[PDB]
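First the structure, in the form of structure tokens, and then the observations on it.
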Amino acid sequence: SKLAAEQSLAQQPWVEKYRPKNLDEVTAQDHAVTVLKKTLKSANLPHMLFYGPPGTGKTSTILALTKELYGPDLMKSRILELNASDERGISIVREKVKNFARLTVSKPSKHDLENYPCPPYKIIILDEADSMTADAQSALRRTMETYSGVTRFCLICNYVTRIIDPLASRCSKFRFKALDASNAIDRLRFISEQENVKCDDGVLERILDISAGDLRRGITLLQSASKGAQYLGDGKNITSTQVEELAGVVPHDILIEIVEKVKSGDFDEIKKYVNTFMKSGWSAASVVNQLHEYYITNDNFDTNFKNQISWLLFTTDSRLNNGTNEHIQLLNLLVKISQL
Amino acid sequence: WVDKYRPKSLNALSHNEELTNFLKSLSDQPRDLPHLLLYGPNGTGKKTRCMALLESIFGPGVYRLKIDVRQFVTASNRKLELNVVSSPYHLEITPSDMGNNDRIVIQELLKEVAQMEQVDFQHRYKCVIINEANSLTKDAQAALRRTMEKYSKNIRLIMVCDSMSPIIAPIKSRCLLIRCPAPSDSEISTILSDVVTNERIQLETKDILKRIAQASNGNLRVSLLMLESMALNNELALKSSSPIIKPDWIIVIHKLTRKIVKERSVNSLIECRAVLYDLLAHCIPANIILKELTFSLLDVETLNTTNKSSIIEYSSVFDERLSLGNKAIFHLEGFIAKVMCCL
Amino acid sequence: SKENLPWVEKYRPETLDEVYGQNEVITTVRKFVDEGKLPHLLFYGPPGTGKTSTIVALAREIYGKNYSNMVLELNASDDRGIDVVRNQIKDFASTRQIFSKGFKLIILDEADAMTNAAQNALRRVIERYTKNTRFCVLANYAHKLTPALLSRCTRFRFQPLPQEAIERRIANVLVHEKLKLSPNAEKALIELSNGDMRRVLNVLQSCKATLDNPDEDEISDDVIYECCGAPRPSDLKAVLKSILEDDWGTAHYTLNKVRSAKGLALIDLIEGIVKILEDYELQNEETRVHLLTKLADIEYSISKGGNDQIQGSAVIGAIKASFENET
Amino acid sequence: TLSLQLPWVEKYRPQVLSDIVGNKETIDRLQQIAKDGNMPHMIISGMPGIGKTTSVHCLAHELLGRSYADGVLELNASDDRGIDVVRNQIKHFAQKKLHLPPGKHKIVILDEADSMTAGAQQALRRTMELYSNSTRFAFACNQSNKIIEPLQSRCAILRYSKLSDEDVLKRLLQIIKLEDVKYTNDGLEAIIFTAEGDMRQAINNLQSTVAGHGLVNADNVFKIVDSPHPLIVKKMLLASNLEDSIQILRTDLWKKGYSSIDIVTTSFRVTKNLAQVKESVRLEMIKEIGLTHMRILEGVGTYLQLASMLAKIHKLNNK
Amino acid sequence: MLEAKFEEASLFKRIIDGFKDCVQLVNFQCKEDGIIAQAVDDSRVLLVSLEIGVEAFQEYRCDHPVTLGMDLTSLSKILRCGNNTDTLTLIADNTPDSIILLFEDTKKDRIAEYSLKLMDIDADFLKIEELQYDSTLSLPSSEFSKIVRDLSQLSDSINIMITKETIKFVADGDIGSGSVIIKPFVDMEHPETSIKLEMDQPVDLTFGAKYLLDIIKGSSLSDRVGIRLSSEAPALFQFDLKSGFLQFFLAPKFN
Amino acid sequence: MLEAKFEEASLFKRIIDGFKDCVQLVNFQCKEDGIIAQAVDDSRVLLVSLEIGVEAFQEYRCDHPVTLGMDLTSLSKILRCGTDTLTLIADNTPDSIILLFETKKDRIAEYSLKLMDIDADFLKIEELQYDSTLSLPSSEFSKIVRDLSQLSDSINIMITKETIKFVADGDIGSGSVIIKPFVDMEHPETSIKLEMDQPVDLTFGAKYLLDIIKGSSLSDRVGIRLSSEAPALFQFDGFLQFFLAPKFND
DNA sequence: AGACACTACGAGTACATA
DNA sequence: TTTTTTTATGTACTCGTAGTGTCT
Ligand SMILES: Nc1ncnc2c1ncn2[C@@H]1O[C@H](COP(=O)(O)OP(=O)(O)OP(O)(O)=S)[C@@H](O)[C@H]1O
Ligand SMILES: Nc1ncnc2c1ncn2[C@@H]1O[C@H](COP(=O)(O)OP(=O)(O)OP(O)(O)=S)[C@@H](O)[C@H]1O
Ligand SMILES: Nc1ncnc2c1ncn2[C@@H]1O[C@H](COP(=O)(O)OP(=O)(O)OP(O)(O)=S)[C@@H](O)[C@H]1O
Ligand SMILES: Nc1ncnc2c1ncn2[C@@H]1O[C@H](COP(=O)(O)OP(=O)(O)O)[C@@H](O)[C@H]1O
Ligand SMILES: [Mg+2]
Ligand SMILES: [Mg+2]
Ligand SMILES: [Mg+2]
């Protein structure tokens, strides 16, 4: 029962092993969980709309809230979790969601009311609401507006623009902030201490730096570095280079080579070096990010050059965000920034 | 042949020793393994390394696999039938064999295998190899986003792809990212020496092997296949000046580039459209066609930097157009017309 | 109990006297229902303006507490096809009332999601049965309704709620709840609403929960801004000044520290800078063209994700290159 | 509040062809036809709210007298009008025997004929051709292109046009005289301006203004009825300076609650129906408006997108 | 708590069959006097009102007035899984929750315990049929069903006319026109075939055929349909059960 | 050359339609004793078995035991396109299967089928120990299954303290049928046999049982054998066995 | 008691879309 | 002067096995 779940958690990846179970385990998203804790004593939970970057803890926050609200017994009877792996057309929204909202709340047991608040409403959460069509979303309007006495709606998405304006107006918007080094270093150090991850001084802060506001990717990189350090068995500490080599980050010397090829050189040698660089598999997104960081943070270029480099990097990132060919886009970017 | 000589374990790999050691690190503790995404150039050997890693996570029976047929029903009376490569320890799914109906197959089959528990009389989870994750539309990726996290104790995904550009950010975050850099010409020539020593090839000079590497651009699948092809024309004895056998579509693209750089007119644009139709009708993707045509146009020495810059700019623009469109010829002809107008 | 409903639902108007903002429409509707001449209504307006509340309070005033039975209320949540029209709406219009004597009311809420065939079948139901029943169509977009159906109803445009109405409703809530609000905090609340009562009520509930006290203190602008995660005008103008005057590295560092110390979003900063630069009196409109185009492009790119640092640098460079022409 | 009164559109609905202030030519044609008899198959097309349904109803009534109940078959878009209905009920009505005066015929009125399926329209051909001596068909639609050419070939085509300001003003004056309502010239002018050739909309706005304010004045009319949507959009697009168009979009459209989708759709329609600028300029403007609409539909609909669209339109107009 | 053990199984089955495809969402109310339920049609045209006292039940125990709402589709699905020889038992806990339908066999230990999850319907329980009626009549079920489903083929509307000792059902349509005139008469050797009629004022009002075709479905319960008509009053079609009554309130058409 | 004669074609028709929804290809092995068949589902979640001995055939001649691999498409078409005496004919190297329909009529028709070669892997069948073994009439179990399948999509079997419980927790509600062992004298068909050693509780898919209960007409009683970690055993007396694997845990 | 006209709920096939 | 194209909900038509009230 409990011991089996503990062992299964202990034999699961660190992303799911250290998933926040309570509203206190969340470190940086304090503004939303403060309201979620204060409404836990009351009974006026409004319709909520979680939105933000991926890996900020929206699903974890709503799961911890539903747990702290209903207990592990009513957690399976007073919830309706609809993810993107299910059909969510107009038909589903009209039949299943509306029938569950029209249902009466399940009666709590004697042990439930003794330890948990047991609010008089249930929760219908809709994870990954970006994939929901606009008509199926508009169908939810009166469904959530008339049955608010017995059910509460929780939408979860990454792009708040994909949800129609009436639905965004009906729900209170909770924006989850990116988990950078400052507000997630405590959680990363806790995860490293619980797993005896022997690292150096500036490793963890570097990991989140590569994460760019993503604690899931940081925990995964930490687990990978820990596995790579335990396989060796040398007993030393993990370094920033050993972390950045498996995170897909281009080394500094290879980036300096690219900068030298762009500064001095014509189309031919630039194209040849790009063809040689694309042989070693690097994600063009990370290369564009490193080039942007280098060009903007360097105090050696003119403001007129910096505006143009920023616009060109923006255009290249926007074109890469559509699944384009990495080689063509990278070559075009380097050529355009080579021409002054 | 590329099939007769292929590594079956991690200790049988002959290049990227750092990647082999990282795979051994990742397979040391096999049950505490997150989802993986192998990305890199096409033909590096990531599909072989994934199977070699599974051979370390499980017994040697991972390679004894069978192809079964599975059927699905869409929202209408249309039926889909696709072949699944399954093994007593893992299964392989390639949703690149259909259109926009990959999300249904993904969700249904993955929920089925997640609820399904492994059988005995052959560890605890059953691996899924998603081949060519780039063809997965955003809807199927969004559907898999929550399936990756809900069932993490029975289903571990190993997604093989060539470029993480079409992969969404949530899926990228939900799995480890492993890059497979293409092997250098030295390792390719070393593998070629071994395979020609085993296949009894007669070489007057060894440098030709290096040239094969310089003709494959790091691709081992192209290098070995081209070596075996040019070994059939020279009758199992490669000469010091044996010609390099290029695929038919590459020669067609080169002739199209020649036609572009020689004549720039609408009458030539009609012939260009005809050649593009003949290329597309014979199972050749349009993104590869555009990439190779642009790279061949840049290699033309008659043009200058001003022409090549505009060529690569229009190439990127029409690459975005083709990634946002479906009628590939509608973008290919536009790119060709813009290139003709540039020159 | 009503004490469990959210503030948006708990404070739903039950009578026509609790619907603020709309005075020209409410008075004319009251006169319609008093003199008896009630035509087919078409309430067109943005979300959260009070159309559904208005029509519900109107049906309550017309039929009494028996509203839920003498009125046929259909919405997008219910199946509304051509056969649904043909059967349900025609049978409701053709027969008489079961509980009292009087005309019937068909409230087609959110009728902008109906099929064209359904509207084509309903446009002759409205014209044929017009002596014993009425039709009220609620809409947010007037382009989804056929012109034939659009010409049969009297159109009432629900304007966005002005300052006075939202302030009156906020005062009513502050009387109903043990809560105090600062004047500047109230002004900032009015500013981030765009005439949406739902947003105001939701963020008011959120800031009351944020207080973390027995509500013996006042809600200031800091509480509001930390609740909705919106940037403050101070940081907004500081970032704009650093972009317009300081160097590239200084502006980049300022934007980074401002957006990372408070956890602000780049889209909110973009919207705020757009709102601030709208009052800027500039030279030849080429700078305004470049600014608007580049900012809209960056917003559309943000609406799909990507690198936030690259987009911030793009915003800085776009603003700088746009103001470089105003010389 | 126990009972309501009939609206002025239904109460003052014309019951004779003389009370119709529409197209004088077609109205006099229908009057002469009803006076002499021998009404042929007809298809009446036009815009909503100009007197098409009332016209055919008055025609059938004055042509059939007391036999209207048993000689007229009325079928609207609200009733089933598939192939099965045309096969069974319409054919049974056309074959039904009825002793009529020696100058009349049974009339089959089909309201909203542009919504009938292709199968029903095809089956109606021989149904109307084999019984053309005792059954006549009158279609009332808004788009003649939705009715197949074989059906149009067997009937007359009456295209109703927009009602000029004179006709709507005369009808409004008649309604005022029959209602004894205090009005003003500027109020009636504003009503005609906001009606846009729609008689039904004009009468509805007049009744609304009367029952809401009592006096028909331009102030009250503009207070209860906003300015026409396409005209403000046209004035915004035809602005000479970017600042003027931005101010118009901000104050008139955005500050009054008009959604971005409605704004971009009205801009597209106005640019399509525009005639002041050349064809190429209109094509580029439509291209930019569609580029903006593609972002509005994806949920990125804000004021910044419309401002950028106006800026791009002005840049195009900047030679 | 609530314990309602029926004597048989097919009784409730026929009770729900009476208005199976007529209404959707019902809200039963169990009190000390019996179960009472009123349900409005989807188009808000007719109201079904059923009342079964403590006579039709084998055992009845109700502590406090309980309200259980449910959809008729799920209730029919649950009731179809029960054998006609079983014994039905409705059970409800202290607070209103999923009603327990228990099927208990009389010879073998077969405990079929289904749990039907309730709905949350707005309990707008009104007080109806407390108004004086202008005309009352009663006639056999088979005759009414025959007349209804014979006139429904000629038209979609049926005009009922009650004149001085004269009942008239008229159906005016497109392919034809029918009229049935039954006269009040009371028989002594067959007291169930009598057609009683007490009229105070002449009544003339029309109804739809699609609704009468569903009202006549309740003729499987009783054999004497009572019809109460009046100007501006819901037409009362009452079937008299052995313990309670099932009454349909139909709304007349607008002439 | 194999010659088999069923007195009635209806028996073979019912046999083939009993499982014509769970498989597409099927191997029939033919030996001296009778005919035996096993087939694996396309999803490899359920296996179907079949054994018909010389008791059912009016005439049987089988010189050499051979494996006939037939598809469901053509055989189903032949069985559905056409009580009468059915005769199965095969020759040396049986490239075709002939099905003659022949007591008061002399009309005959048949369409030939070309066979395939499927690698029917041989997995041993062991009679291990079981924590619970029960037998109940086929019609009652079929009724229970098609009654509980309307509520949920997963049927829970709970065998404890001489009581069996078929539970189904669905969306619209929850059903639970509790049954006690019963043996009847006047009707030997309506008897409930059960023996246990450990209370067991497993969950199976309802879509699989919805097709398993299609074999309710082959025999009158069905056996359920449930254990801790081994898959459930559904036994039908011709002897045929179904191995159903349950859901892991939650 | 049973056969077969009447019938109404369900799977399949297309056909548009401003 | 001529052939084809992925998908998504609403609409209309058709055959059609099926469930039940009725007549030789
Ligand atoms: N605020 C947080 N505190 C602690 N751990 C976190 C936090 N956010 C994310 N994590 C970790 O990241 C894992 C993933 O959390 P999720 O809630 O699924 O992320 P997400 O916001 O849902 O991203 P998506 O699903 O792609 S939009 C959790 O199981 C934690 O291990
Ligand atoms: N004029 C108003 N006066 C007071 N409260 C209002 C007003 N308008 C909106 N509200 C509040 O906002 C809630 C929602 O109002 P609704 O009428 O449902 O919005 P809406 O105008 O119908 O727009 P939709 O539903 O998104 S199309 C009400 O329950 C009130 O709490
Ligand atoms: N020429 C007219 N003279 C007087 N009243 C008119 C005239 N045209 C329209 N009306 C009024 O408008 C009402 C409705 O007119 P209709 O004939 O129904 O409009 P229409 O021309 O048929 O266009 P539709 O029905 O929307 S396709 C009538 O009842 C009259 O009150
Ligand atoms: N380490 C290696 N040593 C020798 N050959 C290899 C190695 N890795 C891959 N190959 C060759 O690559 C071929 C398969 O390429 P594949 O993995 O399908 O390309 P991709 O990486 O695009 O999937 C095999 O035939 C095998 O011989
Ligand atoms: Mg999530
Ligand atoms: Mg509303
Ligand atoms: Mg009309």
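Note on naming: chains are A, B, ... as they come in the structure tokens, residues start from 1 per chain, ligands start from 1 in the order shown.
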Interface list for chain C, partner chain D, 7 Å threshold, only C-alpha atoms, as a PyMOL selection string: chain C and resi 24+28+31-34+36-39+45-46+62+86+101-103+120-122+124-125+131+141-143+148+151+154+159-160+285+289+292-293+296+300+303
12 Å contacts from chain B to chain G using only C-alpha atoms (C1' of nucleotides), as a list in words: residues 76, 77 and 78 of chain B
Could you write out that same residue set with N, CA, C and O atoms as a short mmCIF file (atom, residue, chain, number, x, y, z; two decimals), in the first residue's frame?
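As written to disk, result-v8.cif reads:
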```
data_model
loop_
_atom_site.label_atom_id
_atom_site.label_comp_id
_atom_site.auth_asym_id
_atom_site.auth_seq_id
_atom_site.Cartn_x
_atom_site.Cartn_y
_atom_site.Cartn_z
N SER B 76 -14.84 8.97 -38.41
CA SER B 76 -15.74 8.52 -39.46
C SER B 76 -15.49 7.03 -39.73
O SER B 76 -14.74 6.37 -39.02
N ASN B 77 -16.14 6.52 -40.78
CA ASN B 77 -16.00 5.11 -41.15
C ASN B 77 -14.64 4.77 -41.74
O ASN B 77 -14.43 3.60 -42.08
N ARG B 78 -13.73 5.72 -41.87
CA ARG B 78 -12.40 5.42 -42.38
C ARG B 78 -11.62 4.58 -41.38
O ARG B 78 -11.72 4.77 -40.16
#
```
What are the nearest atom pairs, with distances in Å to one decimal, for all residues of chain D that come at most 10 Å from chain H, using only C-alpha atoms (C1' of nucleotides), set out by chain and rising residue number as CSV?
```
residue,atom,partner,partner_atom,distance
D:82,CA,H:12,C1',7.4
D:83,CA,H:13,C1',8.6
D:84,CA,H:13,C1',9.1
D:117,CA,H:12,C1',8.1
D:119,CA,H:12,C1',9.6
```
With 9 Å as the cut-off and only C-alpha atoms and all ligand atoms counted, what is the closest atom pair between each nearby residue of chain C and ligand 6? Distances in Å to one decimal, ordered by chain and number, as CSV.
```
residue,atom,partner,partner_atom_place_in_ligand_line,distance
C:47,CA,ligand 6,1 (Mg),7.3
C:48,CA,ligand 6,1 (Mg),7.6
C:49,CA,ligand 6,1 (Mg),8.9
C:50,CA,ligand 6,1 (Mg),7.5
C:51,CA,ligand 6,1 (Mg),6.2
C:52,CA,ligand 6,1 (Mg),4.5
C:53,CA,ligand 6,1 (Mg),7.5
C:75,CA,ligand 6,1 (Mg),8.8
C:109,CA,ligand 6,1 (Mg),6.4
C:110,CA,ligand 6,1 (Mg),6.5
C:138,CA,ligand 6,1 (Mg),7.3
C:139,CA,ligand 6,1 (Mg),8.4
```
Would you mind exporting N, CA and C atoms of the selected residues as a PDB file, in the first residue's frame?
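Result file selection-v1.pdb:
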```pdb
ATOM      1  N   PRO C  47     -17.069  40.458 -23.744  1.00  0.00           N
ATOM      2  CA  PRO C  47     -17.321  39.606 -22.576  1.00  0.00           C
ATOM      3  C   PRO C  47     -17.209  40.391 -21.278  1.00  0.00           C
ATOM      4  N   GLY C  48     -18.039  40.017 -20.308  1.00  0.00           N
ATOM      5  CA  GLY C  48     -18.011  40.639 -19.001  1.00  0.00           C
ATOM      6  C   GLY C  48     -18.667  41.997 -18.910  1.00  0.00           C
ATOM      7  N   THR C  49     -19.501  42.367 -19.882  1.00  0.00           N
ATOM      8  CA  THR C  49     -20.186  43.652 -19.860  1.00  0.00           C
ATOM      9  C   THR C  49     -21.541  43.597 -19.169  1.00  0.00           C
ATOM     10  N   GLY C  50     -22.134  42.416 -19.029  1.00  0.00           N
ATOM     11  CA  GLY C  50     -23.390  42.288 -18.318  1.00  0.00           C
ATOM     12  C   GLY C  50     -24.594  42.067 -19.208  1.00  0.00           C
ATOM     13  N   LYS C  51     -24.433  41.271 -20.267  1.00  0.00           N
ATOM     14  CA  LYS C  51     -25.559  40.964 -21.142  1.00  0.00           C
ATOM     15  C   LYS C  51     -26.410  39.833 -20.572  1.00  0.00           C
ATOM     16  N   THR C  52     -25.767  38.734 -20.172  1.00  0.00           N
ATOM     17  CA  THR C  52     -26.500  37.616 -19.588  1.00  0.00           C
ATOM     18  C   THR C  52     -27.177  38.025 -18.287  1.00  0.00           C
ATOM     19  N   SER C  53     -26.470  38.775 -17.440  1.00  0.00           N
ATOM     20  CA  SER C  53     -27.073  39.268 -16.207  1.00  0.00           C
ATOM     21  C   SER C  53     -28.258  40.177 -16.507  1.00  0.00           C
ATOM     22  N   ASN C  75     -28.057  27.869 -25.124  1.00  0.00           N
ATOM     23  CA  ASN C  75     -26.720  28.443 -25.188  1.00  0.00           C
ATOM     24  C   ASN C  75     -25.823  27.506 -25.989  1.00  0.00           C
ATOM     25  N   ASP C 109     -28.588  32.547 -25.780  1.00  0.00           N
ATOM     26  CA  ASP C 109     -27.321  33.066 -25.291  1.00  0.00           C
ATOM     27  C   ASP C 109     -26.167  32.512 -26.117  1.00  0.00           C
ATOM     28  N   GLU C 110     -25.200  33.380 -26.419  1.00  0.00           N
ATOM     29  CA  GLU C 110     -24.020  33.010 -27.203  1.00  0.00           C
ATOM     30  C   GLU C 110     -24.417  32.402 -28.547  1.00  0.00           C
ATOM     31  N   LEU C 138     -27.829  36.959 -27.716  1.00  0.00           N
ATOM     32  CA  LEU C 138     -26.638  37.529 -27.102  1.00  0.00           C
ATOM     33  C   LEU C 138     -25.430  37.201 -27.967  1.00  0.00           C
ATOM     34  N   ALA C 139     -24.583  38.199 -28.213  1.00  0.00           N
ATOM     35  CA  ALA C 139     -23.465  38.016 -29.124  1.00  0.00           C
ATOM     36  C   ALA C 139     -22.272  38.849 -28.680  1.00  0.00           C
TER      37      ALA C 139
END
```
Spatial neighbours of residue 20 in chain B, max dist 10 Å, only C-alpha atoms (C1' of nucleotides), sep filter under 6 positions, as a PyMOL selection string: chain B and resi 10-14+26+49+52-53
Got a sec: who's within 9 Å of residue 97 in chain F, counting only C-alpha atoms (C1' of nucleotides), leaving out chain neighbours fewer than 4 positions off, as a PDB file with C-alpha atoms, in the first residue's frame?
```
ATOM      1  CA  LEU F  68      -4.006 -25.332 -41.954  1.00  0.00           C
ATOM      2  CA  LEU F  88     -14.580 -30.450 -44.900  1.00  0.00           C
ATOM      3  CA  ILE F  89     -12.238 -31.817 -47.573  1.00  0.00           C
ATOM      4  CA  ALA F  90      -8.495 -31.411 -48.025  1.00  0.00           C
ATOM      5  CA  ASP F  91      -5.961 -33.262 -50.167  1.00  0.00           C
ATOM      6  CA  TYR F 111     -16.077 -21.571 -52.803  1.00  0.00           C
ATOM      7  CA  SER F 112     -12.424 -22.519 -52.321  1.00  0.00           C
ATOM      8  CA  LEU F 113      -9.896 -20.914 -49.961  1.00  0.00           C
ATOM      9  CA  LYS F 114      -6.128 -20.635 -50.450  1.00  0.00           C
ATOM     10  CA  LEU F 115      -4.221 -21.034 -47.196  1.00  0.00           C
TER      11      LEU F 115
END
```
Test item: residues lying within 8 Å of ligand 5 with only C-alpha atoms (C1' of nucleotides) and all ligand atoms, as a ChimeraX atom specification: /A:54-55,57-60,127-128,156-157 /B:146
Residues as selected, C-alpha atoms, written as a compact mmCIF listing (two decimals), in the first residue's frame, can you do that?
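Done, and the output landed in selection-v7.txt:
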```txt
# COMPACT_ATOMS: atom_id res chain seq x y z
CA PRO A 54 6.60 24.79 -19.58
CA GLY A 55 8.01 23.21 -16.45
CA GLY A 57 4.71 23.58 -11.96
CA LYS A 58 1.11 24.26 -13.06
CA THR A 59 0.02 20.62 -13.12
CA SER A 60 1.97 19.96 -9.92
CA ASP A 127 -4.69 20.17 -18.92
CA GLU A 128 -3.13 21.46 -22.16
CA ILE A 156 -4.01 24.82 -17.77
CA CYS A 157 -2.08 26.08 -20.78
CA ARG B 146 0.63 14.32 -20.64
```
Find the nearest atom pair between each residue of chain C and chain G for residues within 12 Å, count only C-alpha atoms (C1' of nucleotides), give distances in Å to one decimal, sort rows by chain and ascending number, and present the table as a tab-separated table.
```
residue	atom	partner	partner_atom	distance
C:115	CA	G:17	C1'	10.2
C:116	CA	G:17	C1'	9.5
C:117	CA	G:17	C1'	11.0
C:143	CA	G:18	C1'	11.5
C:144	CA	G:18	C1'	11.2
C:146	CA	G:18	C1'	11.5
```
Go ahead and save the residues from that selection, with N, CA, C and O atoms, as an mmCIF file, in the first residue's frame.
```cif
data_model
loop_
_atom_site.group_PDB
_atom_site.id
_atom_site.type_symbol
_atom_site.label_atom_id
_atom_site.label_comp_id
_atom_site.auth_asym_id
_atom_site.auth_seq_id
_atom_site.Cartn_x
_atom_site.Cartn_y
_atom_site.Cartn_z
ATOM 1 N N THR C 115 -25.036 27.379 -36.269
ATOM 2 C CA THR C 115 -24.794 27.100 -37.676
ATOM 3 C C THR C 115 -25.609 28.046 -38.553
ATOM 4 O O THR C 115 -26.642 28.579 -38.139
ATOM 5 N N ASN C 116 -25.126 28.257 -39.780
ATOM 6 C CA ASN C 116 -25.830 29.135 -40.710
ATOM 7 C C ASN C 116 -27.205 28.579 -41.061
ATOM 8 O O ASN C 116 -28.166 29.339 -41.221
ATOM 9 N N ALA C 117 -27.317 27.254 -41.182
ATOM 10 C CA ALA C 117 -28.615 26.646 -41.458
ATOM 11 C C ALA C 117 -29.575 26.854 -40.293
ATOM 12 O O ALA C 117 -30.774 27.081 -40.498
ATOM 13 N N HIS C 143 -20.279 39.484 -36.635
ATOM 14 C CA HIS C 143 -19.966 38.959 -37.957
ATOM 15 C C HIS C 143 -20.371 37.501 -38.129
ATOM 16 O O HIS C 143 -20.466 37.033 -39.268
ATOM 17 N N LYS C 144 -20.607 36.780 -37.036
ATOM 18 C CA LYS C 144 -21.025 35.386 -37.094
ATOM 19 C C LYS C 144 -22.528 35.227 -37.273
ATOM 20 O O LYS C 144 -23.005 34.094 -37.399
ATOM 21 N N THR C 146 -25.988 36.006 -39.508
ATOM 22 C CA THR C 146 -26.418 36.361 -40.849
ATOM 23 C C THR C 146 -27.117 37.720 -40.833
ATOM 24 O O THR C 146 -27.765 38.082 -39.845
#
```
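Ranking F:63, F:184, F:237, F:110 by their shortest atom-to-atom distance to chain E, with only C-alpha atoms included, puts F:184 first.
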Protein and nucleic residues near ligand 4, 10 Å, only C-alpha atoms (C1' of nucleotides) and all ligand atoms, as a ChimeraX atom specification: /B:1-17,20,38-52,131-132,160-162,180-183,187-188,190-192,194-195,219-225
Nearest to ligand 1 by atom-to-atom distance, counting only C-alpha atoms and all ligand atoms, from A:214, A:6, A:86, A:326: A:214
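Going from CA of residue 306 in chain A to CA of residue 333 in chain A covers 14.4 Å.
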Distance-based interface of chain F with chain E, 12 Å, counting only C-alpha atoms, as a PyMOL selection string: chain F and resi 140+143-152+163-184+190-192
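Of note, CA of residue 118 in chain B and CA of residue 118 in chain F are spaced 24.0 Å apart.
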Surrounding residues as a ChimeraX atom specification, ligand 2, max 9 Å, only C-alpha atoms (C1' of nucleotides) and all ligand atoms: /A:141-142,145,165-167,169-170 /C:7-14,17-22,43-56,109-110,138-140,158,160-161,165-166,169,195-201
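Remark: for residue 284 in chain C, the closest of the candidate residues C:322, C:130, C:193, C:155 is C:322 (distances computed over only C-alpha atoms).
Reported to one decimal place, the separation of CA of residue 123 in chain E from CA of residue 99 in chain A is 17.2 Å.
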DSSP alpha helix (DSSP H) selection over range 99-145 of chain C, as a PyMOL selection string: chain C and resi 116-128
